[PDB]
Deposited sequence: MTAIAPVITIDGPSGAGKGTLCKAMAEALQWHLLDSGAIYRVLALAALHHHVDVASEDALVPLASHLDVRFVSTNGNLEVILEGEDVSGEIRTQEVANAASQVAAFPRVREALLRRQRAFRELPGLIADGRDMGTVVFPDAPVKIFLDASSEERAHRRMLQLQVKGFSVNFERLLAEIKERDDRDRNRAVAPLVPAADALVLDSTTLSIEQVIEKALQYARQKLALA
């Protein structure tokens, strides 16, 4: 604390990205995508020639990571050391190095400290899986976003089509077929439209942080 943090946790394909981008743009606050964080670290290592298997070399790199997330019209730019690398981060190769980097206990602890460092004024929207339970347990507004398998399977299908792969809906529904904080507002992405979820999330934030 001091600066307010709104945390958004939930499973893959629930629409957290969309929500987090809409809220950061509406409020004009800082943005943190914890899912992208390990991929950015793996890319910096590749870029600097830091050995992906060396926990000792990766810790200082993680603790000093120069990244920022900017959302414009729903488009996320991932700026690493000043250059946009949003495209680079979506590769399988970077996803694979990210898994190697994440295996080490000291690297995960260094990234835990690095992510808490994003909490600045006027505030922060943070999205991930353990944002409200582990990274920012004291957050004033905590939202857990749930969605049906079909909703999640559809979101994955569009995500992959983007990289070029169009895959059978039934196949993905099979492929897809994380504890909310005690103090989280639970919102269901399938009972409400995504536009309705964003309105409902912004109203709850307002009641807790502003209004009157």
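Of the deposited sequence, the ranges 1-2, 180-192 have no C-alpha coordinates according to the record.
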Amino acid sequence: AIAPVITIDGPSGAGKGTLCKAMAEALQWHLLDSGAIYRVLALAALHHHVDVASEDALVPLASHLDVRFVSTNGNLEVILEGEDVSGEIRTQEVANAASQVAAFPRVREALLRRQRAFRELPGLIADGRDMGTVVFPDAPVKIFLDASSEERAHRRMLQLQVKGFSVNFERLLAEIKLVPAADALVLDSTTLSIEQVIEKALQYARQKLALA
From here on, numbers count along this sequence of modelled residues.
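The PDB entry reports B-factors from which the mean C-alpha value can be compared for 129-137 and 78-86; the larger average falls on 78-86.
Stretch comparison (96-104 versus 111-119) by mean CA B-factor in the PDB entry places 96-104 on top. Residues shown: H30, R171, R39, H154. Highest C-alpha temperature factor in the entry: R171.
Note on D183, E175, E150, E55: the highest value goes to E175, judged by CA B factor as recorded. When the modelled residues of the chain are ordered by their C-alpha B factor, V162 lands in the highest third.
In this PDB entry, the Cα temperature factor of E25 sits in the middle third of its chain's modelled residues. Among the modelled residues of its chain, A3 has a C-alpha B-factor that falls in the middle third according to the deposited record. Sort the chain's modelled residues by C-alpha temperature factor and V50 lands in the middle third, per the entry.
For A62, the recorded CA temperature factor ranks within the lowest third of the chain's modelled residues.
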